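# Commentary on secondary and tertiary structure
Spelled out from the first residue to the last, the chains are:
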Amino acid sequence: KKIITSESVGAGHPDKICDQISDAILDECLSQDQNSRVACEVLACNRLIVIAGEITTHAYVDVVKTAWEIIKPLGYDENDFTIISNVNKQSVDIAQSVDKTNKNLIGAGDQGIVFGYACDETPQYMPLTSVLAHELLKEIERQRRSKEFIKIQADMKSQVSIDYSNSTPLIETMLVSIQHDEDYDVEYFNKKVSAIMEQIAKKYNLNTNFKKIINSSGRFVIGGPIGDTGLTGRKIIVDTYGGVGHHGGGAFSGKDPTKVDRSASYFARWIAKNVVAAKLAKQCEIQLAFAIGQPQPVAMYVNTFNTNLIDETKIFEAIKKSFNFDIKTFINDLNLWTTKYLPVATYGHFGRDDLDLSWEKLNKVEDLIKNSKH
Amino acid sequence: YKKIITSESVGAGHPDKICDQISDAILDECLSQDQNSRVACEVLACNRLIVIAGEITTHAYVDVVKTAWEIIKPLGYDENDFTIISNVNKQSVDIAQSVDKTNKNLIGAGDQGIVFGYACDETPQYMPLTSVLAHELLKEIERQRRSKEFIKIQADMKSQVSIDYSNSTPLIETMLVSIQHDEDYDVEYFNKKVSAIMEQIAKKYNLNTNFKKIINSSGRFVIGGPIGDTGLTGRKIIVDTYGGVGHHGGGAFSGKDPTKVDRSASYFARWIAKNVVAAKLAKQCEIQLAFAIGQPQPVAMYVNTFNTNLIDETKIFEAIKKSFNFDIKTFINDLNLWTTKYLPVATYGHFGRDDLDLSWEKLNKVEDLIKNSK
Amino acid sequence: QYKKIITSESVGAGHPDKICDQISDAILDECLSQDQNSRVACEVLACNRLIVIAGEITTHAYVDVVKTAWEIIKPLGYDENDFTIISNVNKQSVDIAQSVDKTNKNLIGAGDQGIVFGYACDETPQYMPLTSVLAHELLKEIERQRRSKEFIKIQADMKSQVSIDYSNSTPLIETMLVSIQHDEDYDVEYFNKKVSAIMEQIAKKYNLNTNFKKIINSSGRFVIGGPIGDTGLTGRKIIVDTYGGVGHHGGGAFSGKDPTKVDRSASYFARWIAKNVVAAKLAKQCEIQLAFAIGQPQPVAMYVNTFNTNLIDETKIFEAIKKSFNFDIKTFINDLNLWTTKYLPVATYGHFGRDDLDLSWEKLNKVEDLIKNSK
Amino acid sequence: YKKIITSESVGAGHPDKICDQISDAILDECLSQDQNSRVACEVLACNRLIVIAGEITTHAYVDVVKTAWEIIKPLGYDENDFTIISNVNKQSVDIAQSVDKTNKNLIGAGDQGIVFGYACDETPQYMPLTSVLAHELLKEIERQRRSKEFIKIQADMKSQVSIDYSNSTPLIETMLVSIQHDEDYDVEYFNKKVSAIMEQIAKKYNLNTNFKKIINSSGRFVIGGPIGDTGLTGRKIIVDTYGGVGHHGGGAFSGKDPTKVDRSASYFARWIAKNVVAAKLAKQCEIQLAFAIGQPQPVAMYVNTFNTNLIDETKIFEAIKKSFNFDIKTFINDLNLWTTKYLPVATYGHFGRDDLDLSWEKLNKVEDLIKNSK
Ligand SMILES: C[S@@+](CC[C@H](N)C(=O)[O-])C[C@H]1O[C@@H](n2cnc3c(N)ncnc32)[C@H](O)[C@@H]1O
Ligand SMILES: C[S@@+](CC[C@H](N)C(=O)[O-])C[C@H]1O[C@@H](n2cnc3c(N)ncnc32)[C@H](O)[C@@H]1O
Ligand SMILES: C[S@@+](CC[C@H](N)C(=O)[O-])C[C@H]1O[C@@H](n2cnc3c(N)ncnc32)[C@H](O)[C@@H]1O
Ligand SMILES: C[S@@+](CC[C@H](N)C(=O)[O-])C[C@H]1O[C@@H](n2cnc3c(N)ncnc32)[C@H](O)[C@@H]1O
Ligand SMILES: C[S@@+](CC[C@H](N)C(=O)[O-])C[C@H]1O[C@@H](n2cnc3c(N)ncnc32)[C@H](O)[C@@H]1O
Ligand SMILES: C[S@@+](CC[C@H](N)C(=O)[O-])C[C@H]1O[C@@H](n2cnc3c(N)ncnc32)[C@H](O)[C@@H]1O
Ligand SMILES: C[S@@+](CC[C@H](N)C(=O)[O-])C[C@H]1O[C@@H](n2cnc3c(N)ncnc32)[C@H](O)[C@@H]1O
Ligand SMILES: C[S@@+](CC[C@H](N)C(=O)[O-])C[C@H]1O[C@@H](n2cnc3c(N)ncnc32)[C@H](O)[C@@H]1O
Ligand SMILES: [Cl-]
Ligand SMILES: [Cl-]
Ligand SMILES: [Cl-]
Ligand SMILES: [Cl-]
């Protein structure tokens, strides 16, 4: 059997708490000052939250109040954490490279490599393993908040394995771990989780006879930052493509759009998704590489995994003709100065049928089709 | 239209790598005193603060300040440069009971997750050439910084290497380096030193010497280390692994004892893949393994040979299953992970290190694989 | 999500409203085969174990309504003892008849007042909305497979609904939904796989994406069906019969009606105009509204809407239509051979864009006239 | 070239409307006795037969003969005019299990389907003027028939009004009425009465009086009601709604309890559209909603403002999502659909009825829409 597996984590997972605080701080800066330079990193461990990084802005963000906005809906209060604010300014050496003399150009905020990915497995143009893993946790957290699923807490993880041996996928295993109250009823808990798992499988017209692994540790009462240290940018595969897509290593949360790790990753997704939606391939991955201070990528590679429906050279040419690779220009084309990032800090940045993200729009299919012709 | 693949590396004074080094230095000290330590040490370094956190249950005592100074003093920092915060929590007893089975003789996985192992035949290291070259550039620059053969530079540095794989012999397309330099440097001397190092590395691998060189594209890099950019443990996971050519499941290595399968199973998967390729069963091999917390074996496995298999894929899969022990306690012991020193892999990658002697890099399973693949 | 997601439906041959439309039109066809001057307005109700055949017929024909009903219901699996049949056939009001039969002038007066809309667009080779085309194709294929036994343990009552995202210039399928009546002992895994493959095969036939949401038997159980599960009546699927909610509708039903009922004949006429306008490349979409008065031989109003997709001035389209078509009711009925057309075939799967049939109102025989008259 | 739009209405003695009235009178009787009734009552009226059929599961008992007599006696019929057939089946238990969820806080949609809600600013009713005028003609004639101000007429009648929208002020182009009359009527009196009523309605809406009048074009209409034409429930769905100016999804209203979304969601969509227009977000608004049997929320929505939007269409869409709850059970309760009497909307249209007090006609969401659209 060909068994592929991906994961997700919930809103009370400690790494995700950090991503949410980073992006909530970013969103508050950008709401006040659209030219903010923000690289906000957070650490959450036991009873300490550290808010750090490099920010140059006209805004003022109350980082304590912002942190409380993320942690109060998970059950924490104002006395649970020491908060350390260590906000440095952006290095003037980086800033002079980004802010070019030509005021219509933005130089890349760093070197690096990013990958964008899309496939035709799901309506989201995402790997089915990742879609199912996120949907499981979104439903559990929805029920936790509405009180349809009682005596659970917000720290949780999922993992879904799919059998791709035949042309119809089968679910092989669904796994969930959910932090629970000391006085929980394990029979009620197992039945709730089993039902949620089946409901998600049925929503995607899949089999319902898969293995279920429910709270395999056998006890999960200690959780959140008490059980495990969180840091920003430690769930980059959960944030992206579940291990089916390649990754260049850059984290998203807490970064303004001049950080190409974020903005060019969104751009690359937008390209790949439109290539696949245009039916030029079943799977498409776009690698882009950058040099600090340079306003365009220094390299690009387009991989269609032998699923291309037209010549690879024509795909590559259609992409070059249909997209503008100037950083300032693609930041503007995707409205990244006015996008709210907090909503993508949980449950993935891509394929979000619950959100309206610019990099998910299929508005380049007509250009790609026209530019790919004979 | 050329096929250009790009990977990166970072130096010992890069702030994320400072954190990885402190994490692994702390781990090495714990394991030297107590081979049953449970350690998950996470570090943040920003401006003038180093935060040492995570979850440790041990009979050892580690002087975290002294350990941090051992990493930062060779980079030019002193005892008054950083506030050091020590926030060492204990391992959750709920996780511990799942890992330390009542049985004895078994170790349960320390978490769920997915890991990937990768190997290819491009280099004697069985690693992607892009990654090998990127690391070799920075190792040589840092060697010269310490010997004073390359003056007026500092320890924060990055590299990026682009290779053109359009034809059967790879060609270097671009080598890029950024190196933190002193205010009073001589840019002409600096450019000449870097150019020569780039050519020397290319010649060491018998490659072309006519490639593009991008040297300090920002045009000024005086501010650096944690002053210029916040570092965190486990934020260079692609640099630590396969440079974007191999998949990644998202787990970080540094600071973790071998019961954390993100580390131990990633090493195990590498060991498998490298032996597959060394046994000439394939030119490239990638192995995915998935885990469930508390369970002593993987819950899923997938083997990809990218259509470079020299025998039937099913026989490779079977030979792997027959030639390795998938029990976690057993593979931890087969790789001598309780007595391996991790600090040396906290810079310049955990894989393909022909400068080190790592158990997961040994070609001691070739014989078994060949026998079991009939 | 913020999107232009447009949705249309279809229903199958064993859907209870469609059973009624088929019995209505089969009765009409038998009358017109015997007497081309028949006046027929045949309405059918099917509930539980009763079929009522009613309406107003004046004819020299004789139709065996029981035998006709059995011709519709036997291929769906019913037998001769499943329904009580009530035949309540009244004559056409002589007050309506004298208005329609203008023997004096050689004219036909409209059989009623009313408004009709004809519609066409360039999305499909049928010149129909893609949502409607796909919805019908799904059910035609499932019913084809039911009869050939390629798809087992299903019954004839079924519905489909297709949602397309038109937010950008290329349409993408958003959702395909089907509900199919199934046997008690069915295998849900086999059923899901069969439906999924049919859905994908229809998408691929039209060169569309195959990664859309699939909603398959959302009720979770559909063993009770046909008139037992739901009452059918003639003329309760007028949007399925026409343009799936993309086109406007004036409210008139088609089935069971002879061509003097302008609800039917003028609807067909308006489709014929709209289709030819679009095929002539005068517009990408065209909707024609016509209004009538009982006893009057021509429409009392007309409006032509090209939805801002006109390729030439709207006044020239309007003029070309007036020069190319004859709006006298008797004349357009004869131009479309409506007295000799068989209507049973259009009582399932829609009256328009039927590339599986040869309908007069679907012929592109006015394109040359429209192009010439638009200059 | 004039832009002439036309709509119709029919009177209380029209045979299709007789059926709609008996359907809704039966429904009202069921709901007065049992608010959890499930009712889908369909009626056929032809020559001398009335058939009362459909699917009802209830604790109520309705005397269907007495109910039918309550509709037909004020139209001049008596107890010996019709054979009455009662064929009341129960609701399919297969449908019922889908609608009446185990989770008793949800109602699943009673069927699949598409509904459209519409509103425009042409009249105080927020309805197309053509429809408003057509209904007003027949309401006034029927009022006069009953008060004996218009003698020697009967209750079967129809109207049709054509308006020229070529210029910014609408002009009436044609008014057409047909009214069933006694054999011994005086045609001159009748023509003058109808002409005056037509002028009186035009003057009520401040319109022109120079339009074409088409009065009893057939030239004789003594035979009428079910003797002249067969009626069925749900055969005037355009007259019931928006006169051909709004789109329609094909579902009928009369005889259905609120779990049939063809009715309840049509009312809900009207309530949205009307409030959008009253809030001055657009001059015309049409809302399409699609449903799946057993699912408690719509599966699709589209909002069309016909390029008359006064703010961005995305902000209208967002304001609607924030201001309305799309859960079926919730919108049924918000509109008090279990306790609304439906008989009054079975003649003269279900929308824009400034002579009734309908929940879906209340402008009680304008403040929410304005607030949520900033
Ligand atoms: C407070 S902000 C803006 C002050 C003033 N409104 C202005 O435009 O100058 C100025 C600097 O404070 C630093 N800073 C430190 N903590 C901060 C916080 N919580 N929010 C915003 N900036 C902060 C950043 O480096 C930032 O560039
Ligand atoms: C298992 S912990 C990671 C290792 C931890 N750092 C240690 O000291 O062993 C990682 C994630 O698993 C989840 N987790 C925490 N305690 C758990 C338990 N008792 N059972 C299952 N999952 C748990 C939480 O989401 C947590 O962030
Ligand atoms: C210091 S250790 C060893 C003490 C004594 N040797 C023993 O065997 O119990 C005990 C606990 O201290 C906590 N601790 C806090 N900081 C520490 C540090 N710097 N090194 C080791 N353990 C630390 C860990 O949770 C660990 O389990
Ligand atoms: C450019 S910084 C990352 C973004 C930064 N947090 C900011 O506030 O914009 C990332 C890495 O690039 C390198 N770096 C820092 N300053 C640099 C410069 N002035 N030129 C080039 N590379 C630099 C250092 O290795 C640093 O860790
Ligand atoms: C049976 S038809 C034709 C009889 C005879 N062949 C003739 O030419 O007079 C005469 C009338 O019967 C009434 N009728 C009742 N049931 C009928 C049916 N089943 N087929 C045709 N006409 C029917 C219609 O009103 C029709 O005008
Ligand atoms: C759902 S029924 C209509 C409401 C019904 N009269 C009642 O009493 O609730 C309308 C159509 O849906 C289909 N239908 C019937 N039973 C169904 C079921 N159990 N699941 C799905 N669709 C069904 C049939 O095509 C039927 O004509
Ligand atoms: C008359 S009601 C039952 C009266 C009894 N009060 C009860 O609660 O059970 C029971 C069934 O009768 C059927 N029925 C037949 N004709 C009916 C009618 N005229 N009014 C109500 N139900 C009728 C419906 O299917 C309904 O669910
Ligand atoms: C004209 S009839 C429709 C077709 C009719 N079933 C037939 O057999 O020809 C439709 C409606 O028009 C009205 N109508 C009936 N007889 C009429 C007449 N003599 N002149 C005008 N309208 C009439 C009634 O309102 C009736 O419900
Ligand atoms: Cl984790
Ligand atoms: Cl970096
Ligand atoms: Cl239906
Ligand atoms: Cl009518």
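Under the PDB entry, the name given to chain C is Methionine adenosyltransferase, and the source organism is Ureaplasma urealyticum serovar 7 str. ATCC 27819.

Chain A goes by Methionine adenosyltransferase in the PDB entry, where it is assigned to Ureaplasma urealyticum serovar 7 str. ATCC 27819.

## Some details on the pattern of salt bridges
Under the definition given, this model contains 118 salt bridges over all chains. A salt bridge links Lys261 of chain C to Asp258 of chain C; its shortest N-O distance comes to 2.7 Å. Of the residues examined, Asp258 of chain C reaches a relative accessible area of 0% and is grouped as buried. Across the salt bridge formed by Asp356 of chain C and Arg354 of chain C, the nearest N and O atoms sit 2.9 Å from each other. It is possible to trace a salt-bridge network through shared partners that takes in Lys16, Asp19 and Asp239 of chain A.

## Digging into the site of ligand 3
Residue and element names in this part refer to chain B. Taken together, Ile56, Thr57, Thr58, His59, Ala60, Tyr61, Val62, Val64, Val88, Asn89 and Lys90 make up all the residues around ligand 3. At a separation of 2.5 Å, an oxygen atom of ligand 3 approaches a polar backbone atom of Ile56. Across the complex, the protein chains shield 58% of the 560 Å² of accessible surface that ligand 3 would expose by itself. Split into classes, the residues belonging to the shell around ligand 3 amount to six nonpolar, four polar and one charged.

## Observations regarding the nonpolar core
Proteins that are soluble and globular tend to have nonpolar side chains buried together. Judged by nonpolar contacts, the single largest core of 107 residues is most densely connected at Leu132, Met174, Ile286, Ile319 and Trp359 of chain A. It is helix 6 (residues 260–277) of chain A that provides the largest number of residues to this core, a total of eleven residues. Residue contacts for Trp359 of chain A: discarding those within four places in its chain leaves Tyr266, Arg269, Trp270, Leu334, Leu336, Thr339, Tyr341, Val344, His349 and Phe350 of chain A. Counting residues in each nonpolar core, the second largest holds 106 residues, with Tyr77, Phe211, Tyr342 and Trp360 of chain D among its members.

## Re the packing of aromatic side chains
Any aromatic ring pair is given by two values, namely how distant the centres are and how the planes are angled relative to each other. Residue and element names in this part refer to chain B. The final tally for this structure, using the stated rule, is 71 aromatic pairs over all chains. Look at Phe253 and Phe351: their rings are 6.0 Å apart centre to centre, the planes differ by 80°, and that puts the pair in the edge-to-face class. One end of the pair, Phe253, is in the loop between strand 9 (231–232) and helix 7 (261–278); the other, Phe351, is in the loop between helix 9 (328–334) and helix 10 (366–372), and 98 residues separate them in sequence. Taken individually, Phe253 and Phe351 each receive the classification buried, so the pair is uniform in this respect.

## Structural notes on the interface of chain A and chain B
Listed per partner, the contact involves 79 residues of chain A and 76 residues of chain B. Interface area for chain A against chain B, summed over the two sides, is near 6000 Å², with a carbon-plus-sulfur share of 52%. The largest share of the area that chain A buries against chain B comes from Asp93, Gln111 and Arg234 of chain A, three residues that together contribute 12% of it. Counting across the chain A and chain B interface gives six salt bridges. Ionic pairing is found between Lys157 of chain A and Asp111 of chain B, a salt bridge with its closest N-O pair at 2.8 Å. The tally of links from chain A across to chain B stands at 35 residue pairs in polar contact. Split by residue class, the side of chain A that touches chain B holds 33 nonpolar, 33 polar and 13 charged.

## Quick notes on the arrangement of the chains
Separating chain B from chain C is a minimum C-alpha gap of 25 Å, and the two share no contact. Separated throughout, chain B and chain D approach each other most closely at a C-alpha pair spaced 32 Å apart.

## Quick notes on the domain arrangement of chain C
Residues and elements named next belong to chain C. Looking at chain C, the domain boundaries give domain 1 (1–10 + 130–224), domain 2 (11–107 + 225–261) and domain 3 (108–129 + 262–375). The centre of domain 1, based on its C-alpha atoms, is set 30 Å off from the matching centre of domain 3. Tallying the contact residues gives twelve residues for domain 1 and ten residues for domain 3. Both faces considered, domain 1 and domain 3 share a buried interface measuring about 800 Å² in area, 55% of it formed by carbon and sulfur atoms. The tally of links between domain 1 and domain 3 comes to one salt bridge. Across the salt bridge formed by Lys140 and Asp356, the nearest N and O atoms sit 3.0 Å from each other. Taken together, the connections running from domain 1 to domain 3 amount to nine residue pairs in polar contact. Here the side of domain 1 that touches domain 3 takes nine residues from helix 4 (residues 130–148), the largest share from any one element. Grouping the amino acids of the side of domain 1 that touches domain 3 by side-chain chemistry returns five nonpolar, four polar and three charged.

## What to know about the pairing of strand 8 (residues 212–215) of chain D
All names here are of chain D. Relative to strand 8, strand 7 (residues 171–181) is paired through four bridges, and the arrangement is parallel. From the neighbouring strand, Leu176 faces strand 8, where its bridge partner is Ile214. In this fold, the crossover linking strand 7 to strand 8 by way of helix 5 (residues 187–204) has right-handed handedness.

## Notes on the side chain of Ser177 of chain A
Topologically, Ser177 of chain A is positioned in strand 7 (residues 170–180). When sequence neighbours within four positions are dropped, the list of residues in contact with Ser177 of chain A reads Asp155, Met156, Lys157, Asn215 and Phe220 of chain A together with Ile293 of chain B.

## With respect to the sheet that holds strand 5 (residues 113–120) of chain D
Residues and elements named next belong to chain D. Here we have three strands laid out as an open sheet, ordered 5-10-11, and antiparallel in their pairing. Strands at the two margins of the open sheet, each flanked by one partner only, are strand 5 and strand 11 (300–304). Taken pair by pair, the neighbouring strands of this sheet meet at an average axis angle of 10°, ignoring direction. Pairing geometry for strand 5 and strand 10 (residues 284–291), over eight bridges, is antiparallel. Among the inter-strand pairings, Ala119 is bridged to a residue of strand 10, identified as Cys285. Packing of helix 6 (residues 261–278) onto the sheet brings it into contact with strand 5 and strand 10, and relative to strand 5 it is tilted by some 30°. Together, strand 10 and strand 11 form the strand contacts of helix 7 (residues 313–323), whose direction differs from that of strand 11 by roughly 130°.

About the thresholds
Residues numbered from 1 in each chain as written, not as in the entry; some residues may be left out. Chains lettered and ligands numbered in written order. Part of a larger assembly, values for the part shown. Heavy atoms only, no water. Salt bridge = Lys/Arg side-chain N within 4 Å of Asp/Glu carboxyl O. Buried < 20%, exposed > 50% of the residue type's maximum accessible area, 1.4 Å probe, protein only. Near = heavy atom within 4 Å. Polar contact = N/O pair within 3.5 Å; in protein donor to acceptor, adjacent residues only side chain to side chain. Areas by Shrake-Rupley, 256 points an atom, 1.4 Å probe, with all protein chains shown as cover. Nonpolar A, V, L, I, M, F, W, Y, C, P; charged D, E, K, R; others polar. Core = buried A, V, L, I, M, F, W, Y, C linked by side-chain atoms within 4.5 Å. Helix = DSSP H or I, 4+ residues; strand = E, 2+ residues; numbered from the N terminus. Contact = heavy atoms within 4.5 Å. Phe/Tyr/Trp six-rings, centres within 6.5 Å; stacked < 30°, edge-to-face > 60°. Buried area = accessible area lost by both parts, 1.4 Å probe. Domains from an automatic or database assignment. Pairing = 2+ DSSP bridges. Right-handed = clockwise from strand over helix to strand, strands pointing away. Axes fitted to C-alpha atoms, helices over the stretch in contact; angles between N-to-C directions.

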